[PDB]
Amino acid sequence: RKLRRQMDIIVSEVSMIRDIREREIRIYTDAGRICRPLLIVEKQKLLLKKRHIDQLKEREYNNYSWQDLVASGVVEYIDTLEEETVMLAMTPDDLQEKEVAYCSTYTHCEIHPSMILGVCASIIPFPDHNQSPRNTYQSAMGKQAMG
Amino acid sequence: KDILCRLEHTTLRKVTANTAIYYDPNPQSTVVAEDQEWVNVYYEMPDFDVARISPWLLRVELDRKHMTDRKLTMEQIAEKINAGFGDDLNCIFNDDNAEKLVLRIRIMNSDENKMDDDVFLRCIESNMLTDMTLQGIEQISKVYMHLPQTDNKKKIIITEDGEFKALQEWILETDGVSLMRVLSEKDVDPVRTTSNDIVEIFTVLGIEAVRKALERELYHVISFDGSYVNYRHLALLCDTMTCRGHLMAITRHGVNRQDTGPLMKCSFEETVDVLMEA
Amino acid sequence: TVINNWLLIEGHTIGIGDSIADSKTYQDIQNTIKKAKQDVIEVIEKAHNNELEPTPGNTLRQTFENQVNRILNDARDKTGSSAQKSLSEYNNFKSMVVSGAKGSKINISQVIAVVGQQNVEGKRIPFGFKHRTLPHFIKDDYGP
Amino acid sequence: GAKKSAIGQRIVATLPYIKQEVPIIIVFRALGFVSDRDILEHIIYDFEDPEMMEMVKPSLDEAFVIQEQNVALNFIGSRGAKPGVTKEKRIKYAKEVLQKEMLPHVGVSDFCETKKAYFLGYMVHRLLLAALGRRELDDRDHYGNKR
Amino acid sequence: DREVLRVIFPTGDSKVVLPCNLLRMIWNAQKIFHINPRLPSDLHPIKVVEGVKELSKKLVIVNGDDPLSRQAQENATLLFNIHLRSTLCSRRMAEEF
Amino acid sequence: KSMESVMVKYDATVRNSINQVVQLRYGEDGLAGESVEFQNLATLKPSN
Amino acid sequence: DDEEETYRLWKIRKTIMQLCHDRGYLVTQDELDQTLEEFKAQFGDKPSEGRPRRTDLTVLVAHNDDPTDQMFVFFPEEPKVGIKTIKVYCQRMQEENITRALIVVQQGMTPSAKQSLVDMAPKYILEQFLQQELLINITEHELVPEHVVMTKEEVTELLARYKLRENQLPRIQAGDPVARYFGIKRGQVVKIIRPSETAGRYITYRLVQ
Amino acid sequence: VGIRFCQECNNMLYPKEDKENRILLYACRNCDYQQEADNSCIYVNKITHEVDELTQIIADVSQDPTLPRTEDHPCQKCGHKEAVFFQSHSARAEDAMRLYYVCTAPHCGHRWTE
Ligand SMILES: [Zn+2]
Ligand SMILES: [Zn+2]
């Protein structure tokens, strides 16, 4: 994990999966693996700090970009196989904050839960207040609209 | 529940906990320590096995809860094995007082006095676990028992005053179809008992019973969601499916069984081939 | 024709105001859902401590799922009825349901009180992940 | 059957470019592992587990007759899609099939038989766990199994 | 007729689908002729008994004087005639209708 | 396909194209489905 | 089990008496209503290896219309009826000059014997009934409606009234469980009477074919 | 239950009986080799198979971050308050709701069920 987060020998898209029960470590480097970026959480804290946000705010005239977040080890890509071994927090402000100890071993956090949606479902306003089939119908209608 | 046991198919596998093919050369001295205590009780006056006995032994443990749940005791299991295998096997079983129920099996003495003395036990052990039947009716995997809370499954009788009273009776539904066997079973209503398999009804009761059963099956599916269809539509379909006296499938398998003109057969399918024959 | 022209005077609409409920009604719904979750937690504790006795015709897993589902099914009904009673005579959700024109009691309750249990093939959401429905839960989490 | 249900359930292998499957132990014999202990060492990694040992008993009996690597290779070659004219050519064809067609991702070099035996034993080991109920069956819908 | 209905409907479900709605027809008759339920009725009970008997003959589903036709005619309109006789009985015509 | 030709003939029987008798009277009562409607038998439920 | 075997044999006798009575043969009312205790008490011993022999259980009945006409019901003790056992029964019919005979079967009937019955079918009518079938009277099942075998005089009137051909009636297979119950051959017509929820009663006619 | 392998060709040893002495012998096939059997049981299968899950449980699971952890069940071996609990969730059980606990203290893989 350390090498991948430092991007030393292991590229970002390499997924390492440990099946603790089965005593197997599976490393996958081939193509075709679907992955998404997730914020790394250590000791119930985000590795993403205000300094990272400040640098991103001056994205231009600063040369700071998304790749520096990956290089800094603050965010990493997780594929579906690795996601089975990941303890994921939906939000930092609520899940890993001190409270009734539902879970104290979060390993990752969502950047935003709304990124689960695709292009056409991402224009629906308040899609969480609609019946799910109606969100599916709009994704179809949005591709037939005029503009 | 007693009637349920006589219907649900129970085999030795269901009631048996574990089985071990112990060598046990000398019956007097048993390899298993605890087994020795009660074995000697059956060996003071051995009968039909004094001449010879197979060196190999087969010890099977019977689950207590399953035996009581099925109302099965140590006796009929030994009788059933002996009855099924005749004199081929000699069965010795312990007493119910012991926390563990045991049943020692050995091959006949006459054969001892051709396939294999050791492998044959495995063939018997596997054969007895599944093929052998303790009590029940084959093809009926599971039987459920419940009291109906709906009038249709309830029993309705006319009282002395002439009113309709719906009694709460126990009704058993099975996961398999053996209508002839179940119907003949004692203490089983030979009138109301029925099946959802049209073929089973056809071969047991007849075409007219199928006509009525098909009505009820067709009505049940239609009325499941609360919808209603006029009876005359239900009757007409069930009449056309049984008009010719045998189960008339609406598929091309049963449609083709119908007798019609050459052009009608073309409309169904296989148009070109039919016309050549005509 | 006659009532389509009287409706020009009476008018009929539906809006956000019809989807709201009283703060007292919201409190009642919250209490029911809070208690229903606690009831499911107790059923989980009984199963975890091997204090749950399977019912006839069902295995332990089926018994637990039946007990959990009825608790959550009852909670949805209890909150659904509570939300319906809060509706006024003027509520337009109720007017369309009462006349039978469109919608039902379940639609009103879902809009106002609780959407309820989601089922796939007649059962609760399966553990598609390894003993998890989503990576955001702990393994073997049978809570609502 | 009388003896069918006595041995139990036996494991076969459907290798590419073979019309009909072959007993699993035969494939191990062809790969160069003759003795039962050597074959089982690649399948059962913990000999203290009686449950696993019993599952392979019927497979061993099925391939009891074949006791030499060349005999096993001829059996594999005999069932090849293009049976050899003579016994010697059958062995060469079977060797080529296992060399390249069988588990190619493990290797294609002439000295990769040991690696292919371990993975093939792992495939058998995984099958036994599924048969024994120790590991859950793989989900086709699980999207980390997809590419 | 009551005993026959019991055989036809052992479950005791009285709802049935029949051609003519007699309860509404009686209700229509009450309104058309301004029947006063409070006052005594001038309808002779025998006219009710005789009237239904004549009516039953007119409601023909299978026509024919032979025994085969008569039995089929009796069967075809059996359920309706039981309903007709019980609805248009003399007692009800004089008590409630 | 099977029921296309089933028809109420002029003798009031229900027959198919082959002219075989499917029902002696349509719906066993010789009535059409439009006019009938639900009613209650008054003498069935009550006591003696 | 020996104890339940007498109960089993009693059921077949009860069904046969009901079967014979339905066919029109003379069966006494008390004979039809024969309780299990009466069947056991009338004989009174252990059934198996005891007093009941399937040859002993054989019964003779006579048609009500024609007293001379009679039917034989033969129960074979062997699990499977053989050719010789069938040959024994046919000779028995010759001695009593009984055209119709009913044969019960315990577990199965020899495939060779099946063709033998057809060969002798014209001179003598023989029917084979499995013991399992007769354990229950299907005619008493709710699904099964009342079946009445129509006489040729009735059938002729039926066709004349409806101006029908025999081919235009609904059909019932001669192997139908109810058809075998009444022993009706091809060309016979069955009058089925069943309740109707639209009409109350409905009579159906099925040609045996 | 014990599986024995030949000492000459490392092949399976199968049970065999010598009528001369009437003693179980594990005789190698295609090896004319025999051994003195001692267990006296050649075959045993448990239909109920009440196999303890604790034996199957691996102590390494305590490192899984996706498992729940409870402080209310201290480890008996060492007294560590924290423990990781889970269900077997393995087929052939038919009822998998009881919790198995594994001590989270490193080097102490104690496993227990309540
Ligand atoms: Zn050896
Ligand atoms: Zn510890």
# chains A, B, ... in the order shown; residues from 1 in each chain; ligands from 1
>>> residues_around(residues="stretch 155-160 of chain G", least_positions_apart="5", cutoff="12 Å", atoms="only C-alpha atoms", output="PyMOL selection string")
(chain E and resi 66-69+72) or (chain F and resi 21+24) or (chain G and resi 148-150+165-169+187-191+203-207)
>>> residues_near_ligand(ligand="ligand 2", cutoff="9 Å", atoms="only C-alpha atoms and all ligand atoms", output="list in words")
residues 74, 75, 76, 77, 78, 79, 80, 81, 82, 83, 102, 103, 104, 105, 106, 107, 108, 109, 110 and 111 of chain H
>>> residues_around(residues="stretch 26-29 of chain F", least_positions_apart="5", cutoff="10 Å", atoms="only C-alpha atoms", output="MDAnalysis selection string")
(chainID B and resid 230:236) or (chainID E and resid 18:19 61:62 72:73 75:80) or (chainID F and resid 7:9 12:15) or (chainID G and resid 195:204)
>>> write_last_selection(atoms="N, CA, C and O atoms", output="CSV table (one decimal), in the first residue's frame")
chain,number,residue,atom,x,y,z
B,230,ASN,N,-65.5,-13.9,-15.4
B,230,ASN,CA,-66.8,-14.6,-15.5
B,230,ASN,C,-66.5,-16.1,-15.6
B,230,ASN,O,-65.6,-16.5,-16.3
B,231,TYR,N,-67.4,-16.9,-14.9
B,231,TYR,CA,-67.2,-18.3,-15.0
B,231,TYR,C,-67.3,-18.9,-16.4
B,231,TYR,O,-66.5,-19.7,-16.8
B,232,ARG,N,-68.2,-18.4,-17.2
B,232,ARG,CA,-68.4,-19.0,-18.5
B,232,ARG,C,-67.2,-18.9,-19.4
B,232,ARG,O,-67.0,-19.7,-20.2
B,233,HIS,N,-66.3,-17.9,-19.1
B,233,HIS,CA,-65.0,-17.9,-19.8
B,233,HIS,C,-64.1,-19.0,-19.2
B,233,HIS,O,-63.3,-19.7,-19.9
B,234,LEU,N,-64.1,-19.2,-17.9
B,234,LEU,CA,-63.3,-20.3,-17.3
B,234,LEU,C,-63.8,-21.6,-17.8
B,234,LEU,O,-63.0,-22.5,-18.1
B,235,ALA,N,-65.1,-21.9,-17.8
B,235,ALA,CA,-65.6,-23.1,-18.2
B,235,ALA,C,-65.3,-23.5,-19.6
B,235,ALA,O,-65.0,-24.6,-20.0
B,236,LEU,N,-65.4,-22.5,-20.5
B,236,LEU,CA,-65.2,-22.7,-21.9
B,236,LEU,C,-63.8,-23.2,-22.2
B,236,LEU,O,-63.6,-24.1,-23.0
E,18,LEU,N,-76.2,-13.7,-11.7
E,18,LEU,CA,-77.4,-14.1,-12.3
E,18,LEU,C,-77.9,-13.0,-13.2
E,18,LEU,O,-77.5,-11.8,-13.1
E,19,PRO,N,-78.7,-13.3,-14.2
E,19,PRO,CA,-79.1,-12.3,-15.3
E,19,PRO,C,-79.8,-11.1,-14.7
E,19,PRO,O,-79.3,-10.0,-15.0
E,61,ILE,N,-84.6,-21.5,-21.5
E,61,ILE,CA,-83.2,-21.6,-22.0
E,61,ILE,C,-83.1,-22.8,-22.9
E,61,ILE,O,-82.3,-22.7,-23.9
E,62,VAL,N,-83.7,-23.9,-22.7
E,62,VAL,CA,-83.8,-25.0,-23.6
E,62,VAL,C,-85.3,-25.3,-23.9
E,62,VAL,O,-86.0,-25.6,-23.0
E,72,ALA,N,-83.1,-30.5,-19.2
E,72,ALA,CA,-82.1,-29.5,-19.4
E,72,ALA,C,-82.6,-28.1,-19.1
E,72,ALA,O,-81.9,-27.2,-18.6
E,73,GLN,N,-83.9,-27.8,-19.5
E,73,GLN,CA,-84.5,-26.5,-19.2
E,73,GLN,C,-84.5,-26.3,-17.7
E,73,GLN,O,-84.2,-25.2,-17.2
E,75,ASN,N,-82.5,-27.6,-15.4
E,75,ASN,CA,-81.1,-27.5,-15.0
E,75,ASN,C,-80.6,-26.1,-15.3
E,75,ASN,O,-79.9,-25.4,-14.5
E,76,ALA,N,-80.8,-25.6,-16.6
E,76,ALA,CA,-80.2,-24.4,-17.0
E,76,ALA,C,-80.7,-23.2,-16.2
E,76,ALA,O,-79.9,-22.3,-15.8
E,77,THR,N,-82.0,-23.2,-15.8
E,77,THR,CA,-82.5,-22.1,-15.0
E,77,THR,C,-82.8,-22.5,-13.6
E,77,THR,O,-83.6,-21.8,-12.9
E,78,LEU,N,-82.1,-23.5,-13.1
E,78,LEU,CA,-82.3,-24.0,-11.7
E,78,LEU,C,-81.9,-22.9,-10.7
E,78,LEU,O,-82.7,-22.5,-9.8
E,79,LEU,N,-80.7,-22.4,-10.9
E,79,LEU,CA,-80.2,-21.4,-9.9
E,79,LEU,C,-81.0,-20.1,-9.9
E,79,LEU,O,-81.3,-19.5,-8.9
E,80,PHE,N,-81.3,-19.6,-11.1
E,80,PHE,CA,-82.1,-18.4,-11.2
E,80,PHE,C,-83.5,-18.6,-10.6
E,80,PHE,O,-84.0,-17.7,-9.9
F,7,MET,N,-68.0,-21.3,-31.0
F,7,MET,CA,-69.0,-20.4,-31.3
F,7,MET,C,-70.3,-20.9,-30.7
F,7,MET,O,-70.6,-22.1,-30.6
F,8,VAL,N,-71.2,-20.0,-30.4
F,8,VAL,CA,-72.6,-20.3,-30.0
F,8,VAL,C,-73.4,-20.5,-31.3
F,8,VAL,O,-73.7,-19.5,-32.0
F,9,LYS,N,-73.8,-21.7,-31.5
F,9,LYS,CA,-74.6,-22.1,-32.7
F,9,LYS,C,-76.0,-21.7,-32.6
F,9,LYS,O,-76.5,-21.4,-31.5
F,12,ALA,N,-78.2,-23.1,-29.9
F,12,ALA,CA,-77.8,-22.6,-28.6
F,12,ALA,C,-76.7,-23.4,-28.0
F,12,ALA,O,-76.3,-23.1,-26.8
F,13,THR,N,-76.2,-24.4,-28.7
F,13,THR,CA,-75.0,-25.1,-28.2
F,13,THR,C,-73.7,-24.4,-28.6
F,13,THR,O,-73.7,-23.5,-29.4
F,14,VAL,N,-72.6,-24.7,-27.9
F,14,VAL,CA,-71.3,-24.2,-28.2
F,14,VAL,C,-70.5,-25.3,-28.9
F,14,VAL,O,-70.3,-26.3,-28.3
F,15,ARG,N,-70.1,-25.0,-30.1
F,15,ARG,CA,-69.4,-26.0,-30.9
F,15,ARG,C,-68.2,-25.3,-31.6
F,15,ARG,O,-68.2,-24.1,-31.8
G,195,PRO,N,-72.8,-30.0,-10.3
G,195,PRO,CA,-73.3,-28.7,-9.9
G,195,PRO,C,-72.7,-27.6,-10.8
G,195,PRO,O,-71.5,-27.7,-11.2
G,196,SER,N,-73.4,-26.5,-11.0
G,196,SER,CA,-73.0,-25.4,-11.8
G,196,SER,C,-73.3,-24.1,-11.0
G,196,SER,O,-74.4,-23.9,-10.5
G,197,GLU,N,-72.3,-23.2,-10.9
G,197,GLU,CA,-72.5,-22.0,-10.1
G,197,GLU,C,-73.2,-20.9,-10.9
G,197,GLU,O,-73.6,-19.9,-10.4
G,198,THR,N,-73.3,-21.1,-12.2
G,198,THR,CA,-74.1,-20.2,-13.1
G,198,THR,C,-75.5,-20.8,-13.4
G,198,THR,O,-76.4,-20.0,-13.6
G,199,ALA,N,-75.7,-22.1,-13.4
G,199,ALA,CA,-77.0,-22.7,-13.7
G,199,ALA,C,-77.5,-23.6,-12.6
G,199,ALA,O,-78.7,-24.0,-12.6
G,200,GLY,N,-76.7,-23.9,-11.6
G,200,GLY,CA,-77.1,-24.8,-10.5
G,200,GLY,C,-76.7,-26.2,-10.8
G,200,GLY,O,-76.0,-26.9,-10.1
G,201,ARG,N,-77.3,-26.7,-11.9
G,201,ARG,CA,-77.0,-28.1,-12.4
G,201,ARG,C,-76.6,-28.1,-13.8
G,201,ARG,O,-77.1,-27.2,-14.6
G,202,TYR,N,-75.8,-29.0,-14.3
G,202,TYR,CA,-75.4,-29.2,-15.6
G,202,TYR,C,-75.1,-30.6,-16.0
G,202,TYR,O,-74.4,-31.3,-15.2
G,203,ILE,N,-75.7,-31.1,-17.1
G,203,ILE,CA,-75.5,-32.5,-17.5
G,203,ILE,C,-74.6,-32.5,-18.7
G,203,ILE,O,-74.9,-31.8,-19.7
G,204,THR,N,-73.5,-33.3,-18.6
G,204,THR,CA,-72.6,-33.4,-19.7
G,204,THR,C,-72.6,-34.9,-20.2
G,204,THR,O,-72.9,-35.8,-19.4
>>> residues_near_ligand(ligand="ligand 1", cutoff="9 Å", atoms="only C-alpha atoms and all ligand atoms", output="short mmCIF file (atom, residue, chain, number, x, y, z; two decimals) with N, CA and C atoms, in the first residue's frame")
data_model
loop_
_atom_site.label_atom_id
_atom_site.label_comp_id
_atom_site.auth_asym_id
_atom_site.auth_seq_id
_atom_site.Cartn_x
_atom_site.Cartn_y
_atom_site.Cartn_z
N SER D 35 3.49 -40.29 -7.56
CA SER D 35 3.03 -40.79 -6.28
C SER D 35 1.85 -39.98 -5.78
N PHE H 5 0.29 -43.24 3.95
CA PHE H 5 0.93 -43.34 2.65
C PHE H 5 2.06 -44.36 2.71
N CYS H 6 2.25 -45.06 1.59
CA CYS H 6 3.28 -46.09 1.52
C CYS H 6 4.66 -45.49 1.75
N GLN H 7 5.53 -46.26 2.40
CA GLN H 7 6.89 -45.83 2.65
C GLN H 7 7.84 -46.15 1.50
N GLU H 8 7.38 -46.88 0.49
CA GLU H 8 8.21 -47.25 -0.65
C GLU H 8 7.96 -46.34 -1.85
N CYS H 9 6.71 -46.24 -2.30
CA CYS H 9 6.36 -45.41 -3.45
C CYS H 9 5.52 -44.20 -3.07
N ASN H 10 5.29 -43.95 -1.78
CA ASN H 10 4.53 -42.79 -1.33
C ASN H 10 3.14 -42.75 -1.97
N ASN H 11 2.52 -43.92 -2.09
CA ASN H 11 1.15 -44.03 -2.59
C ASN H 11 0.19 -44.30 -1.43
N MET H 12 -1.10 -44.26 -1.75
CA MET H 12 -2.12 -44.46 -0.73
C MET H 12 -2.08 -45.88 -0.19
N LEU H 13 -2.29 -46.01 1.12
CA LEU H 13 -2.43 -47.30 1.77
C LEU H 13 -3.90 -47.54 2.06
N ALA H 27 -2.51 -52.13 3.35
CA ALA H 27 -1.67 -52.71 2.31
C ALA H 27 -1.59 -51.77 1.12
N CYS H 28 -0.37 -51.44 0.70
CA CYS H 28 -0.18 -50.62 -0.48
C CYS H 28 -0.61 -51.38 -1.73
N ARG H 29 -1.17 -50.65 -2.69
CA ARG H 29 -1.51 -51.22 -3.98
C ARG H 29 -0.31 -51.11 -4.92
N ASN H 30 -0.22 -52.05 -5.86
CA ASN H 30 0.87 -52.11 -6.84
C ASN H 30 2.24 -51.98 -6.18
N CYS H 31 2.36 -52.36 -4.91
CA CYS H 31 3.62 -52.24 -4.19
C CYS H 31 3.93 -53.42 -3.28
N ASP H 32 3.08 -54.44 -3.23
CA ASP H 32 3.27 -55.61 -2.38
C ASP H 32 3.87 -55.23 -1.02
N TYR H 33 3.30 -54.18 -0.43
CA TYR H 33 3.74 -53.67 0.86
C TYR H 33 2.56 -53.62 1.82
N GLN H 34 2.82 -53.92 3.09
CA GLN H 34 1.77 -53.97 4.10
C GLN H 34 2.25 -53.29 5.37
#
>>> closest_atom_pairs(of="chain B", to="chain F", cutoff="10 Å", atoms="only C-alpha atoms", output="Markdown table")
| residue | atom | partner | partner_atom | distance |
| --- | --- | --- | --- | --- |
| B:158 | CA | F:47 | CA | 9.2 |
| B:159 | CA | F:47 | CA | 8.9 |
| B:160 | CA | F:48 | CA | 8.7 |
| B:161 | CA | F:48 | CA | 5.7 |
| B:162 | CA | F:47 | CA | 4.5 |
| B:163 | CA | F:47 | CA | 4.6 |
| B:164 | CA | F:45 | CA | 6.7 |
| B:229 | CA | F:33 | CA | 9.9 |
| B:230 | CA | F:33 | CA | 6.9 |
| B:231 | CA | F:27 | CA | 7.0 |
| B:232 | CA | F:27 | CA | 4.0 |
| B:233 | CA | F:27 | CA | 7.4 |
| B:234 | CA | F:27 | CA | 8.7 |
| B:235 | CA | F:27 | CA | 6.5 |
| B:236 | CA | F:27 | CA | 7.0 |
| B:237 | CA | F:3 | CA | 7.7 |
| B:238 | CA | F:22 | CA | 9.9 |
| B:239 | CA | F:22 | CA | 6.3 |
| B:240 | CA | F:22 | CA | 6.3 |
| B:241 | CA | F:2 | CA | 8.9 |
| B:242 | CA | F:22 | CA | 9.2 |
| B:243 | CA | F:22 | CA | 6.2 |
| B:244 | CA | F:22 | CA | 9.3 |
| B:248 | CA | F:2 | CA | 9.7 |
| B:249 | CA | F:2 | CA | 9.6 |
| B:250 | CA | F:2 | CA | 6.9 |
| B:251 | CA | F:2 | CA | 9.2 |
| B:252 | CA | F:1 | CA | 9.5 |
| B:254 | CA | F:2 | CA | 9.4 |
| B:255 | CA | F:2 | CA | 6.5 |
| B:256 | CA | F:2 | CA | 9.5 |
| B:258 | CA | F:2 | CA | 8.4 |
| B:259 | CA | F:18 | CA | 8.1 |
| B:260 | CA | F:18 | CA | 7.1 |
| B:261 | CA | F:18 | CA | 9.1 |
| B:264 | CA | F:1 | CA | 9.2 |
| B:267 | CA | F:1 | CA | 8.6 |
| B:268 | CA | F:1 | CA | 7.2 |
>>> interface_residues(of="chain C", to="chain B", cutoff="12 Å", atoms="only C-alpha atoms", output="MDAnalysis selection string")
chainID C and resid 56:58
>>> write_last_selection(atoms="N, CA, C and O atoms", output="PDB file, in the first residue's frame")
ATOM      1  N   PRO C  56     -41.761 -23.440  13.806  1.00  0.00           N
ATOM      2  CA  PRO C  56     -41.974 -24.632  12.978  1.00  0.00           C
ATOM      3  C   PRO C  56     -42.023 -24.284  11.497  1.00  0.00           C
ATOM      4  O   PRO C  56     -42.584 -23.263  11.097  1.00  0.00           O
ATOM      5  N   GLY C  57     -41.427 -25.153  10.685  1.00  0.00           N
ATOM      6  CA  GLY C  57     -41.403 -24.973   9.250  1.00  0.00           C
ATOM      7  C   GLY C  57     -40.376 -23.985   8.744  1.00  0.00           C
ATOM      8  O   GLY C  57     -40.300 -23.767   7.530  1.00  0.00           O
ATOM      9  N   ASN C  58     -39.584 -23.383   9.629  1.00  0.00           N
ATOM     10  CA  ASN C  58     -38.590 -22.398   9.237  1.00  0.00           C
ATOM     11  C   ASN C  58     -37.287 -22.679   9.966  1.00  0.00           C
ATOM     12  O   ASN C  58     -37.286 -23.131  11.115  1.00  0.00           O
TER      13      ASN C  58
END
>>> residues_around(residues="residue C:12", least_positions_apart="3", cutoff="9 Å", atoms="only C-alpha atoms", output="PyMOL selection string")
chain C and resi 7-8+92
>>> write_last_selection(atoms="N, CA, C and O atoms", output="mmCIF file, in the first residue's frame")
data_model
loop_
_atom_site.group_PDB
_atom_site.id
_atom_site.type_symbol
_atom_site.label_atom_id
_atom_site.label_comp_id
_atom_site.auth_asym_id
_atom_site.auth_seq_id
_atom_site.Cartn_x
_atom_site.Cartn_y
_atom_site.Cartn_z
ATOM 1 N N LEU C 7 -64.670 22.470 -11.922
ATOM 2 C CA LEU C 7 -63.287 22.439 -11.470
ATOM 3 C C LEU C 7 -62.531 23.694 -11.882
ATOM 4 O O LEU C 7 -61.483 23.991 -11.300
ATOM 5 N N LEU C 8 -63.033 24.431 -12.873
ATOM 6 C CA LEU C 8 -62.440 25.719 -13.204
ATOM 7 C C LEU C 8 -62.607 26.713 -12.065
ATOM 8 O O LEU C 8 -61.769 27.603 -11.888
ATOM 9 N N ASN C 92 -54.319 17.746 -0.809
ATOM 10 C CA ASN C 92 -54.603 17.310 -2.168
ATOM 11 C C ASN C 92 -54.115 15.897 -2.447
ATOM 12 O O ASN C 92 -54.654 15.239 -3.341
#
>>> closest_atom_pairs(of="chain D", to="chain B", cutoff="12 Å", atoms="only C-alpha atoms", output="tab-separated table")
residue	atom	partner	partner_atom	distance
D:1	CA	B:123	CA	8.1
D:2	CA	B:123	CA	5.3
D:3	CA	B:123	CA	5.9
D:4	CA	B:123	CA	8.2
D:5	CA	B:126	CA	6.0
D:6	CA	B:123	CA	4.9
D:7	CA	B:122	CA	8.1
D:8	CA	B:126	CA	9.0
>>> write_last_selection(atoms="C-alpha atoms", output="CSV table (one decimal), in the first residue's frame")
chain,number,residue,atom,x,y,z
D,1,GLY,CA,-24.9,-47.4,-8.0
D,2,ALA,CA,-23.5,-50.2,-5.9
D,3,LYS,CA,-19.9,-49.0,-6.3
D,4,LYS,CA,-20.8,-45.6,-7.8
D,5,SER,CA,-22.0,-44.2,-4.4
D,6,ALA,CA,-19.3,-46.1,-2.4
D,7,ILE,CA,-16.3,-44.2,-3.9
D,8,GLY,CA,-18.2,-40.9,-3.7
>>> interface_residues(of="chain A", to="chain D", cutoff="6 Å", atoms="only C-alpha atoms", output="tab-separated table (two decimals) with C-alpha atoms, in the first residue's frame")
chain	number	residue	atom	x	y	z
A	32	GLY	CA	-10.51	-3.61	-17.67
A	33	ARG	CA	-10.76	-3.14	-13.90
A	80	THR	CA	-14.38	-3.53	-6.86
A	81	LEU	CA	-12.24	-6.43	-5.64
>>> select_by_dssp(residues="stretch 22-186 of chain B", states="helix (DSSP H, G or I)", output="JSON, numbers by chain")
{"B": [33, 34, 35, 36, 37, 38, 39, 40, 41, 42, 64, 65, 66, 67, 68, 69, 74, 75, 76, 77, 78, 79, 80, 81, 82, 83, 84, 85, 109, 110, 111, 112, 119, 120, 121, 122, 123, 124, 125, 126, 127, 128, 129, 130, 179, 180, 181, 182, 183, 184]}
>>> atom_distance(atom1="atom CA of residue G:67", atom2="atom CA of residue G:27")
12.2 Å
